[PDB]
Amino acid sequence: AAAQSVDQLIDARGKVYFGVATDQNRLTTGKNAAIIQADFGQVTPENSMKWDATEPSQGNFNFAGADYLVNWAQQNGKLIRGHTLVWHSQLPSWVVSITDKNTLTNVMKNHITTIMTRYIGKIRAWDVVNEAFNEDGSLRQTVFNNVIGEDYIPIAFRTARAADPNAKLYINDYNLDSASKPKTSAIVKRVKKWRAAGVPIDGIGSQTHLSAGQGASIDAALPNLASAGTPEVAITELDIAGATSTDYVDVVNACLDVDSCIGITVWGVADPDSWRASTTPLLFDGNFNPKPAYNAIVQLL
């Protein structure tokens, strides 16, 4: 663990948290738990709350992993972001094979309601719909869009609000890093339209999986996302190829400049455990020591 907590420092600047993705497999190995306890104030389950993990067979739920994380976070005073109710990836075959609208709508609502109810009042925010947009700004043609239609989004949010009215409901996506990107403009436009129609969308999550030198672009992209009018915006799965301090400080600054940005979550603790470990994109190295970017974020805060 680093002696200085990026979480406590960002809290002092008026933000809610600086967190990280994790799960039981990480918390029970290496120095992961000690680092999270000392330096971060929020956790997102990396995989334990996904559909394949929680409902592997229709109606036969599995909460072992998710329960471990929620209990661990509560005991350790860490906020929790529930990660992902409706998504086309890590989706069991039994769901994807359904072609009937009514059958899929009930399956989707039952999945959302069951998971949100089990942890009602303990989860700060949920990524209700994940990666619903194509790169051109059109809606991604997943089983949900194809079978239920465009209304699957409003239905998912309505159901989630009813399940736990205490949770902030987010739509999460990636490649929202440049203000000029077709996807960035589309999600801002669509979220304004959905909110105008009464859809309960509290936040826009920007994954922020960056390439080296891209951090400067989020200084302009984040204010644009905040213009959709949602109560909150957040950097949800930050990592940057090469991990330069310039890119990391720019992302932190973008959040400080935007009042509605409530916090940042980095996607993992140590480099070798990253989904793209080859790029060494995280704040702690393979020996669990803080990298120059960690210290640069501390000094900036």
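When a residue number appears, it is its place in the shown sequence, counting from 1. Both backbone and side-chain heavy atoms feed into the values below; hydrogens, waters and symmetry mates do not.
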Return the [atom1] to [atom2] distance between [X] and [Y], rounded to the nearest 0.5 Å.
X: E232; Y: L169; atom1: CD; atom2: CG; answer: 10.0 Å
X: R158; Y: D151; atom1: CZ; atom2: CG; answer: 9.5 Å
X: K78; Y: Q37; atom1: NZ; atom2: CD; answer: 7.0 Å
X: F288; Y: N32; atom1: CZ; atom2: CG; answer: 4.0 Å
X: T265; Y: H83; atom1: OG1; atom2: NE2; answer: 10.5 Å
X: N76; Y: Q74; atom1: CG; atom2: CD; answer: 10.5 Å

Q.
Under the rule for salt bridge (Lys or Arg N to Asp or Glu O under 4.0 Å), what residues qualify as partners of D271, not counting sequence neighbours?
A. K291
Q) Under the salt bridge (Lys or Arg N to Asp or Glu O under 4.0 Å) test, which residues partner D273, sequence neighbours left out? A) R26
Q. Among pairs that include at least one residue of residues 182-293, which meet disulfide bond (SG atoms under 2.5 Å apart), considering only residues two or more places apart or in two chains?
A. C255-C261
Q) Quick one: disulfide bond (SG atoms under 2.5 Å apart) pairs with a partner in residues 179-253, sequence neighbours left out? A) none
**Q.** Close aromatic pair by centroid cut-off 6.0 Å: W94 and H111
**A.** no
Q.
Test of understanding: clusters of I, L, V, M, F, W, Y form through side-chain heavy atoms closer than 4.5 Å, transitively. Do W267 and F18 belong to the same one?
A. no
Among [options], exactly one meets side-chain contact (heavy atoms from CB on, under 4.5 Å) together with [X]. Which residue is that?
X: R81; options: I123, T236, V43, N172; answer: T236
X: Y152; options: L104, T142, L139; answer: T142
X: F144; options: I153, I155, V96, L91; answer: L91
X: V20; options: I35, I264, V266, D39; answer: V266

Q.
Can you list, by chain and residue number, the hydrophobic cluster partners of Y17 when the side-chain cut-off is 4.5 Å?
A. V16, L79, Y170, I262
Is it true that the side chains of [X] and [Y] contain a donor and an acceptor less than 3.5 Å apart?
X: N289; Y: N287; result: yes
X: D23; Y: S48; result: yes
X: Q42; Y: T44; result: yes
X: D239; Y: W275; result: yes
X: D7; Y: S5; result: no

Q: Could you label the plane-to-plane angle of the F63 and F61 rings as parallel, tilted or perpendicular, counting under 30° as parallel and over 60° as perpendicular?
A: parallel
Q: Tell me, please, which residues at least two apart from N47 pass side-chain hydrogen bond (donor to acceptor under 3.5 Å, both in side chains).
A: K50, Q90
(Q) Does this structure show an ion pair linking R190 with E150, if we count only N-O contacts that are shorter than 4.0 Å? (A) yes
